[PDB]
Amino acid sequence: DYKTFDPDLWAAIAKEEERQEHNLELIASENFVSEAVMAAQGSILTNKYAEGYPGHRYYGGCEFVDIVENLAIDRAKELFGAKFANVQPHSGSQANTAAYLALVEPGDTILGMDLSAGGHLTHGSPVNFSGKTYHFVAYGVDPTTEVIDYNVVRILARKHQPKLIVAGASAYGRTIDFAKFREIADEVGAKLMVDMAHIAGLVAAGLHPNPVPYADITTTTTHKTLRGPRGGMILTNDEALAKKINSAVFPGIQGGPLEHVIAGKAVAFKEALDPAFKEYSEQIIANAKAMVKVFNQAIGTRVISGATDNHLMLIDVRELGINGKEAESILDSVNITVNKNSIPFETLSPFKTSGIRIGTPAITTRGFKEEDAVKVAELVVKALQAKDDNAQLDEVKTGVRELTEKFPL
């Protein structure tokens, strides 16, 4: 009824609802939040200005909003064991912006993971604030094993003498050894920052080593494997850093927090404390490993580094005679959503790429088990091997319909 005033907007949202229902979402950074998370984001908390921190706000009327933010803060400490948490960052990018401000000065040397090797844009890309503001030096992966070589990282750190080392990634499927990163940073007198955005849910479930005890500052988003609303978060065990973090977020780089989104964070953090979340996180990894097995045994879908320890995988598609952009377009035509993605030592443009990234958090939330993840990987192989054969692409599109109807939203 409130929809009648604006039929064009609500029609577009209606089609987006159907698109999420009918497509297989394999974008590693996406998920489906609960009804309760969306209700919190749709709450009247959007009306409240609440700059400052609980008990020390710059506006009247915040005494009940402060409960909501305290719940999000305290549940983050329960989930990750951090002594201090800041839940106001609007995004992972803002969380990383504030983390750097608390740790280094403009122009300082920072060692972070190269984008082609799997790092995030905010880990030193020259088109991002990170590369523009600080002197970033990149580390990568080994050309043959495509995993991090910690002796090479050590050599790099000693050569460049960074003030800060950043660990974490957007497209790295293997266990990150935070203990070794901390050893290297200590060796050269650098601080350590970990961006666990992609693996935060796995960390919360005990299925990836926890960076919080090792890093000066841990950042994360709330909307990937944590299955919360879109937003950021910063964690630390040092009260001196917590004060700099809090000042950097506000008044440093943000103004009013999004308290309806922070309520969604509180909701999602409590869901993550439930034992069911550990089973969900176990299923994520089992599903990713099952898919990786199919791609390892298929002709032309080369899995970067040959295995996965977490929720995602990179597929090199060069032997199929296509680039990542064409692989993404083929799979879209059969209702399978991935993203083109640079692979280690990428030689093509970042907008063409030699690969695609696939992750299992979203389909696992829909209910997919290992046999269903196997079927998904077989449909992906079939569609990419079907050199424009309309008969086989329609068979794949049929198999996708079978899966989406088997696991509705």
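So that the term is clear: the rigid core is the largest set of C-alpha atoms that superpose within 1.5 Å between two forms. One rule holds for the numbers: they count along the sequence shown, beginning at 1.
With 37 to 45 and 339 to 347 as candidates, the stretch whose CA atoms show the greater average offset from this form in 5 other deposited structures of this protein after a core fit is 339 to 347.
Averaged as a root mean square over residues and superposed structures in 5 other deposited structures of this protein, CA distances to the shown form are larger in 348 to 356; the pair compared was 348 to 356 and 370 to 378 with a core fit.
Higher mean CA temperature factor, per the PDB entry, when comparing 82 to 90 with 133 to 141: 133 to 141.
The stretch with the higher mean CA B factor, choosing between 314 to 322 and 160 to 168, is 314 to 322. Reading the B-factor column for the CA atoms of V212, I110, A268, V303 in the entry, the top value corresponds to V303. Residue-level inspection of the entry shows that, of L207, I73, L226, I262, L207 has the top Cα B-factor. For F64, the recorded CA temperature factor ranks within the lowest third of the chain's modelled residues. Per-chain ranking of the deposited C-alpha B factor places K48 in the lowest third. In the PDB entry, a CA B factor belonging to the middle third of its chain's modelled residues is recorded for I284. In the deposited entry, the Cα temperature factor of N246 sits in the bottom third of values across the chain's modelled residues. For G231, the recorded CA temperature factor ranks within the lowest third of the chain's modelled residues.
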